[PDB]
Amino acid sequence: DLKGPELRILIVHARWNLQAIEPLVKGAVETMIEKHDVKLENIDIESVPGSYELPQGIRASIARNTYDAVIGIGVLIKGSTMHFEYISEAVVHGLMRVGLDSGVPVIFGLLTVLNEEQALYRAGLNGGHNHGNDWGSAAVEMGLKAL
(Lines of atoms letter the chains of each structure in order from A and count residues from 1; the text may use other names and numbers.)
(Lines give C-alpha, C1' and ligand atoms only; values in the text may rest on other atoms or scores of the structure.)
Protein backbone atom coordinates (compact mmCIF):
# COMPACT_ATOMS: atom_id res chain seq x y z
CA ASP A 1 0.00 0.00 0.00
CA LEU A 2 3.15 2.14 -0.03
CA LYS A 3 3.44 4.24 -3.18
CA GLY A 4 6.59 6.12 -4.11
CA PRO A 5 6.00 7.89 -7.46
CA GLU A 6 8.69 10.50 -6.68
CA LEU A 7 11.33 8.08 -5.34
CA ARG A 8 14.71 7.82 -7.05
CA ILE A 9 16.08 4.29 -6.65
CA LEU A 10 19.57 3.00 -7.35
CA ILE A 11 20.36 -0.64 -8.12
CA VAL A 12 23.98 -1.80 -8.33
CA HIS A 13 24.48 -5.49 -9.12
CA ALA A 14 27.52 -7.66 -9.70
CA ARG A 15 27.87 -9.50 -13.00
CA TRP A 16 28.83 -12.92 -11.62
CA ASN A 17 26.05 -15.50 -12.09
CA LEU A 18 23.83 -13.55 -14.48
CA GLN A 19 21.57 -16.61 -14.55
CA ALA A 20 20.66 -15.69 -10.96
CA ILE A 21 21.27 -11.92 -10.97
CA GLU A 22 18.84 -11.11 -13.81
CA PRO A 23 15.77 -12.70 -12.22
CA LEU A 24 16.64 -10.82 -9.04
CA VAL A 25 16.94 -7.42 -10.72
CA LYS A 26 13.72 -7.96 -12.73
CA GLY A 27 11.82 -8.89 -9.58
CA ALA A 28 13.06 -5.78 -7.80
CA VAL A 29 12.22 -3.44 -10.68
CA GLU A 30 8.86 -4.96 -11.60
CA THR A 31 7.80 -5.01 -7.98
CA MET A 32 8.65 -1.34 -7.45
CA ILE A 33 6.86 -0.31 -10.63
CA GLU A 34 3.76 -2.51 -10.68
CA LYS A 35 3.14 -2.56 -6.95
CA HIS A 36 4.60 0.71 -5.65
CA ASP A 37 4.21 3.13 -8.56
CA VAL A 38 7.90 3.87 -8.89
CA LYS A 39 8.62 5.40 -12.31
CA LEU A 40 10.96 3.51 -14.63
CA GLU A 41 12.95 6.70 -15.38
CA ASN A 42 13.67 7.06 -11.69
CA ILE A 43 15.40 3.73 -11.35
CA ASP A 44 19.13 3.75 -12.10
CA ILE A 45 20.63 0.34 -12.75
CA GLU A 46 24.41 0.09 -12.59
CA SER A 47 26.84 -2.80 -12.34
CA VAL A 48 30.29 -3.79 -11.10
CA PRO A 49 32.43 -6.84 -11.89
CA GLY A 50 32.03 -8.76 -8.65
CA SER A 51 30.36 -8.47 -5.26
CA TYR A 52 33.51 -7.12 -3.64
CA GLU A 53 33.12 -3.90 -5.67
CA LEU A 54 29.49 -3.51 -4.58
CA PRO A 55 30.36 -1.21 -1.63
CA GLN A 56 32.62 1.11 -3.64
CA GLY A 57 30.28 1.07 -6.62
CA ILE A 58 27.46 2.28 -4.37
CA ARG A 59 29.54 4.90 -2.52
CA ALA A 60 30.79 6.38 -5.79
CA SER A 61 27.25 6.61 -7.22
CA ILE A 62 25.54 8.12 -4.20
CA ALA A 63 28.22 10.80 -4.15
CA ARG A 64 27.34 11.92 -7.71
CA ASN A 65 23.55 11.67 -7.66
CA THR A 66 20.82 11.70 -5.05
CA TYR A 67 18.88 8.54 -4.31
CA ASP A 68 16.22 7.74 -1.75
CA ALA A 69 17.26 4.11 -1.42
CA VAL A 70 19.78 1.70 -2.85
CA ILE A 71 19.74 -2.03 -3.48
CA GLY A 72 23.06 -3.88 -3.60
CA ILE A 73 22.62 -7.15 -5.51
CA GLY A 74 25.12 -9.98 -5.87
CA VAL A 75 25.42 -13.77 -5.63
CA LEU A 76 28.16 -15.61 -3.73
CA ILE A 77 28.47 -19.38 -3.86
CA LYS A 78 30.73 -21.37 -1.54
CA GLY A 79 33.64 -22.83 -3.53
CA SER A 80 36.72 -24.92 -2.75
CA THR A 81 38.66 -22.23 -0.88
CA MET A 82 37.95 -19.75 1.90
CA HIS A 83 37.32 -17.08 -0.71
CA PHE A 84 33.55 -17.22 -0.25
CA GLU A 85 33.72 -16.62 3.50
CA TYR A 86 36.03 -13.61 3.37
CA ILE A 87 34.30 -11.83 0.47
CA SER A 88 30.92 -12.30 2.23
CA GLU A 89 32.30 -10.88 5.45
CA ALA A 90 33.86 -7.90 3.69
CA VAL A 91 30.75 -7.03 1.67
CA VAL A 92 28.24 -7.48 4.45
CA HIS A 93 30.22 -5.03 6.59
CA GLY A 94 31.02 -2.72 3.69
CA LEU A 95 27.41 -2.19 2.69
CA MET A 96 26.47 -1.48 6.30
CA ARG A 97 29.21 1.13 6.53
CA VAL A 98 28.25 2.87 3.30
CA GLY A 99 24.63 3.08 4.39
CA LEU A 100 25.40 4.40 7.88
CA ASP A 101 27.98 6.91 6.64
CA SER A 102 25.76 8.33 3.91
CA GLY A 103 22.43 8.19 5.68
CA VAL A 104 21.00 6.56 2.55
CA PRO A 105 19.10 3.30 3.06
CA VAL A 106 20.94 0.32 1.53
CA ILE A 107 19.02 -2.93 0.97
CA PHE A 108 21.10 -6.11 1.31
CA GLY A 109 20.26 -8.05 -1.85
CA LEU A 110 23.15 -10.46 -1.59
CA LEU A 111 22.67 -14.21 -1.76
CA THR A 112 25.26 -16.21 0.21
CA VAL A 113 24.60 -19.81 -0.82
CA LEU A 114 26.19 -23.25 -0.80
CA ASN A 115 25.40 -24.06 -4.40
CA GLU A 116 23.81 -22.78 -7.60
CA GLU A 117 20.42 -24.44 -6.95
CA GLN A 118 19.92 -22.50 -3.72
CA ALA A 119 20.65 -19.32 -5.63
CA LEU A 120 18.17 -19.94 -8.47
CA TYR A 121 15.52 -21.07 -5.98
CA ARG A 122 15.82 -17.73 -4.24
CA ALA A 123 15.58 -15.91 -7.58
CA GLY A 124 12.15 -17.43 -8.14
CA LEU A 125 13.09 -20.42 -10.31
CA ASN A 126 12.19 -24.09 -9.69
CA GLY A 127 9.25 -23.32 -7.42
CA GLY A 128 11.06 -20.74 -5.31
CA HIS A 129 10.18 -17.19 -4.24
CA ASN A 130 11.96 -14.29 -5.99
CA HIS A 131 13.75 -12.39 -3.23
CA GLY A 132 14.20 -9.41 -5.53
CA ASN A 133 10.53 -8.63 -5.02
CA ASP A 134 11.10 -8.36 -1.29
CA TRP A 135 14.11 -6.11 -1.77
CA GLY A 136 12.15 -3.86 -4.10
CA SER A 137 9.45 -3.32 -1.50
CA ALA A 138 12.04 -2.80 1.23
CA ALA A 139 13.71 -0.07 -0.83
CA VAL A 140 10.43 1.77 -1.32
CA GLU A 141 9.53 1.58 2.34
CA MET A 142 12.93 2.76 3.57
CA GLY A 143 12.98 5.44 0.88
CA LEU A 144 9.71 6.92 2.11
CA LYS A 145 10.56 6.63 5.80
CA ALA A 146 13.83 8.46 5.14
CA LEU A 147 11.25 10.99 3.90
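Just count from 1 along the sequence shown to find any residue number.
Legend: mean Cα B-factor per stretch from the PDB entry, 63-71 versus 100-108; the higher mean is in 63-71. If you average the C-alpha B-factors over 137-145 and over 1-9, the higher value belongs to 1-9. Sorting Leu114, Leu54, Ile33, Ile87 by the CA temperature factor given in the entry leaves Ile33 at the top. Each of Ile43, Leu120, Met82, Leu95 has a CA temperature factor in the record; the biggest one is found at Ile43. In this PDB entry, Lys78 carries a Cα temperature factor that places it within the lowest third of its chain's modelled residues. Ranked within its chain, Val91 lands in the lowest third, by CA B factor from the PDB record. In this PDB entry, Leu18 carries a Cα temperature factor that places it within the highest third of its chain's modelled residues.
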